[PDB]
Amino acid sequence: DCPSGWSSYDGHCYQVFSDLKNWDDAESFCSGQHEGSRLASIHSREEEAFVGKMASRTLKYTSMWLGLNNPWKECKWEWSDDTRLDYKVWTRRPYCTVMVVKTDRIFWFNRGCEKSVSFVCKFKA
């Protein structure tokens, strides 16, 4: 139930792309490849392992954008002495999540969303 070029897993379709794009550009590209297609979310070890195996087939350098922009959106900052948070001097440039496939392990880490990374798209069949 996936069109040509896409791999099926658990009612969803996936495709890894090698071209290096920044997160926004990659998310835009995914959106144009199929209805409902965006940068992949990852909801389980099994799904992660499936996506990692696609990357090892397509990419020589197996790192891919995931569909997470800004891990620190809507944080609830509190003081340990329970004083009210009014004075605030925390600003941070946008970071976006990269899934790094190593031959022994898979891990995620955050990179500046302006960096150029391969990526994987995903939509529901």
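When you see a residue number, it is the position in the sequence shown, counting from 1.
Entry-level comparison of average CA B-factors, 115-123 and 3-11, reporting the higher stretch: Stretch with the greater average CA B-factor: 3-11.
Comparing 63-71 with 87-95, the one whose average Cα B-factor in the PDB entry is higher: Comparing 87-95 with 63-71, the higher mean C-alpha B-factor belongs to 87-95.
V100, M54, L39, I42, ranked by C-alpha B-factor: the highest one: The record points to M54.
Chain-wide C-alpha B factor ranking for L20, given as lowest, middle or highest third: Answer is highest: the recorded C-alpha B-factor places it there.
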